[PDB]
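Protein chains in written order, with this note's numbering: chain B, 1 to 109; chain X, 1 to 248; chain U, 1 to 108; chain W, 1 to 170; chain C, 1 to 118; chain D, 1 to 118.
Notes for the one structure printed next.
Given below as structure tokens:
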């Protein structure tokens, strides 16, 4: 049970610019990760899996990076509808295992 | 070999010393099933099979009698009444390379469980319920095998482990692989209890003067009294006389 | 394995020789703090150099570090018989200090 | 004559037995390889797939009268032999224990093995055969009997008496 | 469309039982690594259970011994039985088909609310 | 079999350049196996550089010896090449190929392009 800690908690950026969110692990998570965007009101949506591979359909506007014990998700240009919660899920032990985060609330203006 | 492609071998017809192992390595994983490791070197077996392969760190526990998992239930399964044992020793000095050693794989997807000592090599693209993405990608066409991809930055849980599985047999065994023996150094000229390869008796041993034929192992006087024996080590013939006794 | 150093090196007495402690691993960070330790024949490692191209006052002036990018080429000119010892590399990672696989230097 | 084959059948339906001599060594194997209708006449081998369980090799068994006794009772098959200078001679001579093999195959039928130089080879042929030197082999069947054996001063059998042949012998 | 639809959500008295159900379409579940996730109102998510393609299932520690996952393979659907609902287990439960190293969890379920009397 | 070199792309005159060649498919424990280095000037032919046998007896090209101490580490199956005192002749590409006795350098790596100038 590896505990993941995201940072910061909130972010308010003017429309159209970049946003950078860090989620921090406590051990070696190499390149086993994913990022989910759970727009408020329904189930999450996979954005970027593995280390930085962008899930199908998912706008290129997202960018994941990092490896080992530290990871970061980056968005190129926030549009008005990008406001949602994001979680980095690790899976270094797959059968049976996954570990979620505390989530991050990102909004605009 | 890979977990699903172990290199079977048999080891029989030999005087087997199961304690030559202990001088090899720290033997990270060494627990014996059906036979005690302490009393291994002496016991005898029918046919000793050996399966050699490599797995990841946190999956060595799945190689056990009756244990279900993803490497045990999909690509390598040993019986519940298994007799033999498994030996796994971390080896990431010869198996884990920087970038991912995509040489050891493991069936991750399959149809059902496998029978004991059932090895499969098939590397076809798994189905997708309907006609799959034969030779292409798509919704859910997930290959059944997946490589481990060991690297020297992986934690000990993600490191390659070499593993050998020995399968014994104890039912009807034609003892062929076992027995270290113990030729108690020879004593002469004293009435001593002797056991020459099963021949047990008492008496005084004396230098012989009779020519045993090369195929003979015993000597007898009238009335089947065992009079002489040849050494199984130096092949010297020895005379046996019961030590002195009498009335007073 | 985490960081990486060659098995051993042996340089003839009185010449120069350089040793590298390559990371051989992605995202070891900026690889900017790199300390080197001299392991004596059975003694506690002593900081010889930190900030590879810098050097702490108190040791000779022949040891010299360098940076060819992502590694630290430790150089030693005018090799003396006193230098037969072990050498190690050290560099902060993102979460914690890491060490090199070790290198042995024997003067002959 | 270079070998024999034993078993309950020549087909691969049972783990039959094979013993084949050669100029270099003897090779003994038990692998249930289905063989042809006739032993192949040398084109060095002719047999089907195998499930071999035992294999062994040692020096070869080679006017000289070679004698052999084949016995297989207790799950073991035993061979005794003797090579003598020279039809069957009247001379007395005992056979010596050569090998005690552990195979426990249920042997019921047996055959001999031939070879030939620069001979054609087919799985099946008629009684035409191929040319070969003049030679012959005799076969006899053993029975449970009572024997009186005489051992000499050096431990070798020199004479024997059949206890149930005639009244004087009895 | 490819989807996972759920049922069983409602209200039950403490110590009671419940059964969560998961329906799928255009994709099978029996041979797919299935994973039920849940979310307490306002909190994060947590892996609850998994069943393999051979049947060997697994459960989280927080719910070990009380919940049992099953699936009617004959008609291509998933289920999760719950019992002994205590004050913690009040959460919204999601159905997911997780792949792992080859593509992380993607396809999820509409969810199902599970609250207690109080 | 596969090999890969890595290291500095740029270097200054009279400096110690270091290179690490990582391979995959084989290790440095089996007999016959060795690892050598080769360089190639732009638009010219190759030449030999060094060789490290499997018994840890090392060999270099006769003309260019008494320098370029090539070390190695058989634990992570890595070879290290280090060349000091860069001259404008040393401006060339560098490759790390595996050497056996008859098929000299049958398995080459990736290669790092290096320039020597201000």
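Every residue, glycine too, gets a C-beta built ideally from N, C-alpha and C.
Cβ-heavy atom distance, residue i to the ligand SAH, below 7 angstroms
i: residue 93 of chain X; result: This structure simply doesn't include the ligand SAH, nor any ligand for that matter.
Among the options, the one whose alpha carbon lies nearest that of residue i
i: residue 214 of chain X; options: X/100, X/207, X/229 and X/125; result: X/229
i: residue 92 of chain C; options: C/2, C/3, C/11 and C/1; result: C/11
i: residue 249 of chain X; options: X/56, X/52 and X/179; result: As shown, chain X starts at 1 and ends at 248. That puts residue 249 of chain X outside it, with no answer to give.
i: residue 68 of chain U; options: U/26, U/93, U/40 and U/22; result: U/22
i: residue 97 of chain W; options: W/69, W/57 and W/46; result: W/69
i: residue 172 of chain X; options: X/17, X/13, X/47 and X/97; result: X/47
i: residue 78 of chain W; options: W/107, W/14, W/84 and W/45; result: W/107
i: residue 53 of chain W; options: W/102, W/117 and W/80; result: W/102
i: residue 55 of chain W; options: W/145, W/86, W/93 and W/19; result: W/19
i: residue 118 of chain X; options: X/26, X/231 and X/78; result: X/78
Endpoints, the beta strand (DSSP E) within which residue i is located
i: residue 89 of chain U; result: 85-92
i: residue 29 of chain U; result: Segment: none, residue 29 of chain U is in no beta strand (DSSP E) and carries neither H nor E.
i: residue 66 of chain W; result: 65-72
i: residue 34 of chain C; result: 34-39
i: residue 199 of chain W; result: No statement about residue 199 of chain W is possible, as the shown extent of chain W runs from 1 to 170 and does not include it.
i: residue 31 of chain W; result: Careful: residue 31 of chain W lies outside any beta strand (DSSP E) and carries neither H nor E.
i: residue 6 of chain B; result: 5-7
i: residue 109 of chain X; result: Here residue 109 of chain X belongs to no beta strand (DSSP E), and DSSP marks it neither H nor E.
i: residue 31 of chain X; result: 29-33
i: residue 147 of chain X; result: 145-147
i: residue 90 of chain X; result: 84-90
i: residue 40 of chain D; result: 35-40
i: residue 59 of chain D; result: 58-60
i: residue 71 of chain B; result: 70-75
i: residue 73 of chain D; result: 71-73
i: residue 162 of chain W; result: 157-162
Proximal residues of chain X, C-beta to C-beta of residue i below 7 angstroms
i: residue 154 of chain W; result: 211
i: residue 65 of chain B; result: Under the 7 angstroms cutoff, chain X gives no residues; its nearest Cβ is about 17 angstroms from residue 65 of chain B.
i: residue 72 of chain D; result: Near residue 72 of chain D there are no residues of chain X at all, since even the closest Cβ is about 13 angstroms away, more than 7 angstroms.
i: residue 71 of chain U; result: Per Cβ cutoff of 7 angstroms: no residues; residue 71 of chain U is ~14 angstroms from chain X at best.
i: residue 24 of chain U; result: 98
i: residue 27 of chain D; result: 94
i: residue 1 of chain U; result: 152 and 153
Interface partners of residue i on chain X, CB under 8 angstroms
i: residue 54 of chain C; result: 68, 73, 74, 110, 112 and 113
i: residue 94 of chain U; result: None at all; the shortest Cβ gap to chain X is about 13 angstroms.
i: residue 96 of chain W; result: 215
i: residue 2 of chain C; result: 139
Nearest-angstrom Cβ-Cβ length linking residue i and residue j, presumed shorter than 8 angstroms
i: residue 119 of chain C; j: residue 85 of chain C; result: Only positions 1 to 118 of chain C appear in the structure, and residue 119 of chain C is not among them; the question remains open.
i: residue 71 of chain B; j: residue 89 of chain B; result: So it is not a contact: roughly 11 angstroms between Cβ atoms.
i: residue 94 of chain D; j: residue 37 of chain D; result: 7 angstroms
i: residue 33 of chain C; j: residue 106 of chain C; result: Their Cβ separation, rounded to whole angstroms, is 12 angstroms, which puts residue 33 of chain C and residue 106 of chain C out of contact at 8 angstroms.
i: residue 35 of chain C; j: residue 96 of chain C; result: 5 angstroms
i: residue 3 of chain X; j: residue 87 of chain X; result: Actually they do not touch by this definition, with Cβ atoms about 15 angstroms apart.
i: residue 77 of chain D; j: residue 97 of chain X; result: 6 angstroms
Partner residues on chain D for residue i, Cβ-Cβ distance less than 9 angstroms
i: residue 171 of chain X; result: Chain D residues near residue 171 of chain X: none, gap ~40 angstroms exceeds 9 angstroms.
i: residue 90 of chain X; result: By Cβ distance, chain D contributes nothing, its closest Cβ being about 13 angstroms from residue 90 of chain X, past 9 angstroms.
Amino acids of chain C, ordered along the chain, whose beta-carbon sits closer than 7 angstroms to that of residue i
i: residue 101 of chain B; result: 44
i: residue 142 of chain X; result: 99 and 102
Beta-carbon neighbours of residue i, restricted to chain X and to distances below 9 angstroms
i: residue 52 of chain B; result: What residue 52 of chain B touches in chain X: nothing, since even the nearest Cβ is about 16 angstroms away.
Residues that residue i contacts on chain B, provided the C-beta gap is smaller than 9 angstroms
i: residue 155 of chain X; result: 27, 28, 30 and 92
Proximal residues of chain D, C-beta to C-beta of residue i below 8 angstroms
i: residue 101 of chain U; result: 73, 75 and 76
i: residue 11 of chain U; result: 69
Closer than 8 angstroms at the beta carbon, the chain C residues around residue i
i: residue 87 of chain B; result: 44 and 45
Closer than 7 angstroms at the beta carbon, the chain W residues around residue i
i: residue 79 of chain X; result: What residue 79 of chain X touches in chain W: nothing, since even the nearest Cβ is about 21 angstroms away.
Neighbour flag for residue i against chain E, beta carbons, 8 angstroms
i: residue 55 of chain B; result: Among the chains of the structure shown, chain E does not appear; the protein chains present are B, X, U, W, C and D.
Per-residue contacts from residue i into chain B (C-beta, under 7 angstroms)
i: residue 83 of chain U; result: Near residue 83 of chain U there are no residues of chain B at all, since even the closest Cβ is about 35 angstroms away, more than 7 angstroms.
Residues that residue i contacts on chain U, provided the C-beta gap is smaller than 7 angstroms
i: residue 17 of chain D; result: 68
*Quick one: complete beta strand (DSSP E) runs, 3+ long, within the segment 34-71 of chain U?*
34-39 and 46-49
*Taking only runs that begin and end inside the segment 153-240 of chain X, name each unbroken beta strand (DSSP E) of 3 or more residues, in chain order.*
161-167, 192-196, 199-207, 218-220 and 226-230
*asked:* To test your reading of the DSSP string, which unbroken beta strand (DSSP E) runs of 3 or more residues are found completely within the segment 97-135 of chain W?
replied: 109-113
_Entirely enclosed beta strand (DSSP E) segments - the segment 78-103 of chain D, minimum 3 residues_ = 78-83 and 93-98
*3-residue-minimum beta strand (DSSP E) runs that sit fully inside the segment 40-70 of chain X, ordered along the chain*: 48-55
*asked:* Quick check on the DSSP output: what are the complete beta strand (DSSP E) runs of length 3 or more inside the segment 28-87 of chain C, in order along the chain?
replied: 34-39, 45-51, 57-59, 68-70 and 77-83
*Ignoring anything shorter than 3 residues or poking outside the segment 28-94 of chain B, list the beta strand (DSSP E) runs there in chain order.*
33-38, 46-50, 62-67, 70-75 and 84-88
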